[PDB]
Every structure is written in structure tokens, then in C-alpha cells.
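> sequence unknown, structure follows:
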């Protein structure tokens, strides 16, 4: 009944509802103020940082009010791009391991938004049954949302990720009997390499040099297979040079 | 004076394009299914390609008038309701139903006129022509692409017709 | 079952209604024009129908989730709305939010945000 | 083929390097593998029955590789003369 007021005092109703922003947006929409409504919903989606369902709703409503506004095509496309970036962020959250979510009894709406590093570690944990390249490439793409504030060193994080990816591979342990080059193709990490090449990443520059490789401890914990570390070196150098 | 058994020999003597044109125009005047089936049997006996005959019958049935649609960015300025020509277009489809290889083309035509009914807001007619369509057609089309001994990319019109068909099936 | 069928129509496999999965290498302007026309016509109407279904079945939370379903760029339902169409849609959403909001609950989530 | 070839010449194939790699480092011993091919061909086909196609496939593969060697040697000589 508060919002049931007539237009004679809709203006003062909006002035009062300035403190009830989660409710005043409906009145703004009903009052044919699309620009103010989009400002409202943009601010609401901005403040939303948790609860998958609430965040997705606020983003969608923000873009809907954006288009409802008579703004010029430039601003329309600008805010469309920003919101698009937002669900591009969200896609990682929808791509979580469903079996892990269910057995842990958590739902995306039922649990707030996590840090990019937290999502990365959830993807990369050995408790994650998914042994596929898609996890790894999604985790790598998540680096783009990690900014200059340095929540975690991107270099060491990438080193950890690539070491974990190599760990899924299989080796003729304690002296091998296979080609490092051809034998690792069926392994996931090489597939990661072709995906990087297809996206445009140069393996010579983005894959650490053998110095730092043997500096990496995860990489130095399986060297008990001579063939393991040998094949590390052979394949990295080979594809690095194919990149150069 | 209508001697079906004698039309075919003389029409065979015409140049093939005009021969098929006037033969199809003739069959457009034949509406008893039994007699028209006998017509198609005599056409295949004498060499007339019943498939293209039914084609030209259907597209002449379509082209005797323009299309039908309604919108706000392409709003027509001439309102018009259901016509007997619409019923004729409804009925012309069985020509394509009759033949072994022609259900794919029949689906294409049925959808390409379905769009006119929906756009001009004749959804009752859309549904009735749908109910006219038999239920084994799509599986038969898949079978046909199987026996034609290549599983390459089915044509874009075929894929679009299948997609639109399932979508409108769910819609109805 | 009616709700089930409507949602399956909205979100059936390979994406979208009258959103086919094969481009015309033959490039027929007629089919394309009629095709876009049928989308931009039929989509708002069925949208309003399902909104009314959930409006009457009192599950206005689903009326509100229709906003995200439309926002889906996997099917790009936003583009096929003119100003008047989506304004009617947003006022329908206004109505649906209004009833739950009268129940002393913020329209942003199941709980209150203010 | 190369591991069998070093086998019948009684050459070292340790658990560090393969027969092929050992042969490749020992470039002075090109001519030994020539008879090694023939010997392993003879032994393996003695093993094979007559109806087996790979019985002949071994032959054609060995013939192809040896003719490739000879042809590339001659082509280098003539080209760089």
C-alpha cells in the first residue's frame, strides 16, 4: 500500500524509497524511469557478490533495464559488454564438479561466491574426480579475472597447475620404454599444449624453461622415473622449439 | 474430353519443359486420389517424372498468389482472410506424400507454408495441415539418407526443416 | 505438465525456438525473413503465457527467473523484443514481483536485502 | 628392426639407451647394420610362415629403407660434387 501511492506523490515516494533500493526499483520501473531503474539495478548487481541465483537475477535485471532505457547504442553496447563479462566470470561457477557439489551438499545459490584462487584450487584438487583438459583450461582462463592486487602469484600458481596437469599423465616408471614425444600425446597435459596453441599461446615462452621446470618441486617429486624427467625435458624442448 | 490414358503419349511428344508444365497444370485439375494415383502410374509408365510433376504442381499452387505474413516492421497494408486457394494449398501436399523419395521435399514444402500460416495468424490451418502429415515421415527421411549410401552433411534446407519441424511440434 | 512442456520448449537441446543448428549455404532471404519474424512474434506471446501460468500458480519466483531465461545469450531472447514488447514484459515482471513483495519479502532473493 | 639388428650383431642395448640410439651415436658403424638387416630378415622370416603378408612386408620395408640410404648418399655426392 506504500507503493500504491498516486503519481501526485510518486516523486516523494521515490525520494523516501531511496533508502529501500531493493524495493524502489519496482516503483522506478512502474513510473517509466528506465534510466534511473537501470542505474538502480546496475548498482544492485554491483553490490551483489554472493548467492548465485541472486547475482544472476540482478545482472539480468540490470541488462533488462539497460535495454528498457532509451540510451544510445554506444552506452547500450557498453553496459551489455560489462554484464557479458560478468556471466563470463560466472561460467566457472556453473562449471563446478556436480558430483562434488552434491556429495558435499552445496548448491551454487545456497553458497556464496568464492575467490578465483579458491575456485582454482577446487578444480585442481586431487579430490576432484574429473581428469579432463577442460578443468585445466578453465582454471587457466580464470587467471584473467585475477588482477594486479596479486591475491596469489600468477607465475607460481601456473607452475602448480601445470605440475598437477602433468601428474595425471602415465609413465613407464623406473626407466621407460617409450618415446617421450609420441607417448605423451594420449596424456592430458599435451592436449593442454595443443589447446594453448589453438588459443594462440606460444609454448616456448609460456611453458617454463627446463631450469625452472627442475626448480619446481612437484616436477622433482616423480623424477624417480628417469623416463619421467627425461620425457619432461624432451617434450618441452621439442614443442618449445616448434614454437620458436 | 478427358482421356487420361491418351494424355501421356501426346505430352511426351512436347518439349520436355513445357510438356511437364502443362501435364502438371492438368494434374492440378485432378483431385480424386485414386484417379490421380492412376495418373502418376501412367506418368511413370510413359516416362514422366512424377516427382518433378508434383513439385511444379505445388509451387504453381503457391505462386498463383503472393505470400502471407503479419508484423509491425513489415506490416502489410492489405488485410485478407482465409480463401479457397488456401484450402487448395492445403490439399496440394498429397502429391508429394504419394511418392517414395519425396517425403523430405514434402516436409520442406509443408514447413515453408507453415510459416505463412503462422505469420498470417492461421494457426488452426497450421495445426490441421500438421495433423494431415503422417508420423513416419522423419524416420523415413533418415532411412532415405541412409540408403542413399552417403552420410555426408545433409543439406542446410533439410537440417533447417527438421529443426523447425521439431520446434513447431513442441509448439503445437 | 503444462509448465514442464513450456520450459522444455524454452530450453530444449541445441538451443532456442526457431533457432536452427544449420546455416543456409543456399541463403534464402524469404526463409530467413519469415524465420526471424516468427521468432520475434511468437516468443513474447508464449513468454507472457508462461508468466501468467506461474502468476496464477503463485510461483512468482519463476516469473522472475524468466528474466534470466530471456537474458540467455545461448538463445539471445533479448534481441527479438521491440520497446513495447519488452516494456509489457517488464510490467508483467513488475506485477509478478509485486505479489511476492506484498508478502513482506525482498524481490532480490528469498530473504530481505534491506 | 634396429633393436633386432643390434641384437644379432651382439651390440650393447642397456637400460639407459636403446639399440637405435646407440647405433645413431656410433656413426662409424653404419656398415654393420647393413648385414644386420639381412640377418634379422633371414631369422624373422625363418620364423614366419609362408602365408603371412608381413613376411613380405618386412622385406619391402627393409628394401625401401636401404634403397633410401643408397639413393640419398648418391644424391648428396652428385649434388655437392
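Done, it's in. Numbers count the residues shown, from 1 in each chain, chains lettered A, B, ... in the order given.

> Thought residue B:89 was touching residue B:62, still the case?
Yes. Between residue B:62 and residue B:89 there is a contact under CB atoms under 8 Å: 6.7 Å. No exception for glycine: its C-beta is placed from N, CA and C like everyone else's.

> who's more crowded, these two?
Between residue B:62 and residue B:89, counting by other CB atoms under 10 Å in any protein chain shown, residue B:89 is the more crowded of the two (22 against 17).

> give me every residue that touches residue A:85.
By CB atoms under 8 Å, 6 or more residues apart in numbering or on different chains, the contact set of residue A:85 is empty.

> Overlap in contacts, residue B:62 and residue B:89.
With contacts taken as CB under 8 Å, 6+ apart, residue B:62 and residue B:89 have residue B:113 as neighbours in common.

> out of everything not next to it in sequence, what's closest to the residue most central in space within chain A?
Geometric centre of chain A, nearest residue: residue A:142, 3.6 Å, by CA atoms, centre = their mean. The shortest distance from residue A:142 to any non-neighbouring residue, by CB to CB, 6 or more residues apart in numbering or on different chains, is to residue A:116 (5.2 Å).

> Around chain A, pick out the residues from chain C.
C:64-65, C:67-68, C:70-71, C:73, C:78, C:81, C:83, C:86-87, C:90-91, C:94, C:97-98, C:101, C:106-109, C:112-114 (CB under 8 Å from any CB of the partner chain).

> just checking, the residue nearest to residue A:142 touches residue A:149?
No. Counting by CB under 8 Å, residue A:116 does not reach residue A:149; the two are 10.9 Å apart.

> More neighbours: which of those two?
When neighbours are counted by other CB under 10 Å, residue A:116 and residue A:149 differ, and residue A:116 comes out ahead with 20 against 5.

> separation between the more buried one and residue A:139?
Between residue A:116 and residue A:139 the computed distance is 9 Å (CB to CB, to the nearest Å).

> again, but for residue A:107
For residue A:107 relative to residue A:139 (CB to CB), the value is 22 Å.

> what does residue C:91 give?
Counting by CB to CB, the gap from residue C:91 to residue A:139 is 43 Å.

> more crowded one of the two?
Between residue C:91 and residue A:139, residue A:139 has the larger neighbour count (other CB under 10 Å), namely 22 against 13.

> I'd like to know which of the residues of chain C next to chain A are buried.
With burial judged by 16 or more other CB atoms under 10 Å in any protein chain shown, the buried subset of the residues of chain C next to chain A is C:64-65, C:67-68, C:70-71, C:78, C:81, C:86, C:90, C:94, C:97, C:101, C:106-109, C:113.

> Can you pick out the ones from those residues that are in helices?
In this view, these that belong to helices under DSSP state H are C:64, C:65, C:67, C:68, C:70, C:71, C:86, C:90, C:94, C:97, C:101.

> Closest to residue A:21 out of these?
Comparing these against residue A:21 with CB to CB places residue C:101 closest, at 13.5 Å.

> What residues does chain C have near chain B?
When proximity is defined as CB under 8 Å from any CB, chain C approaches chain B at C:5, C:8-9, C:12, C:14, C:17-18, C:20-26, C:28, C:30-31, C:33-35, C:37-38, C:40-42, C:46, C:82.

> how about a cut-off of 10 Å?
Residues of chain C lying near chain B by CB under 10 Å from any CB of the partner chain: C:5-6, C:8-10, C:12-14, C:16-28, C:30-38, C:40-42, C:46, C:82, C:84-85.

> just the buried members of those?
C:6, C:10, C:16-18, C:20, C:22, C:24, C:31, C:33-35, C:37-38, C:40-42, C:85.

> quick check, distance from the top helix by length along chain A to the centre of its chain.
Using DSSP H to define each element, chain A has its longest helix at helix A:73-94. Remark: helix A:73-94 is offset 14 Å from the chain centroid, using CA atoms, centre = their mean, to the nearest Å.

> What residues sit buried inside that helix?
The neighbour-count criterion (16+ other CB under 10 Å) identifies A:76, A:79, A:80, A:82, A:83, A:86, A:87, A:89, A:90, A:92, A:93 as the buried residues of helix A:73-94.

> Stretch D:45-56 too?
residue D:45.

> what's it in contact with?
The set of residues external to stretch D:45-56 that reach it, using CB atoms under 10 Å, 6 or more residues apart in numbering or on different chains, is D:44, D:58, D:59, D:60, D:61.

> Return the residues in contact with the residue nearest the centre of chain B.
The centroid of chain B falls nearest to residue B:93 when counting by CA atoms, centre = their mean (4.1 Å). Taking CB under 10 Å, 6+ apart, we find residue B:93 in contact with B:54, B:58, B:61, B:106, B:107, B:109, B:110, B:113, B:129, B:132, B:133.

> can I assume residue B:99 is in contact with residue B:41?
No. Contact criterion CB atoms under 10 Å: residue B:99 and residue B:41 do not qualify, at 11.4 Å.

> In terms of neighbours, single out the busier of the two.
residue B:99 (16 against 11).

> Next, give phi and psi for the more buried one.
Dihedral angles of residue B:99 (phi, psi; degrees, to the nearest 10) stand at phi -110, psi 150.

> before we move on, what about residue A:172?
Dihedral angles (degrees, to the nearest 10) for residue A:172: phi -70, psi 90.
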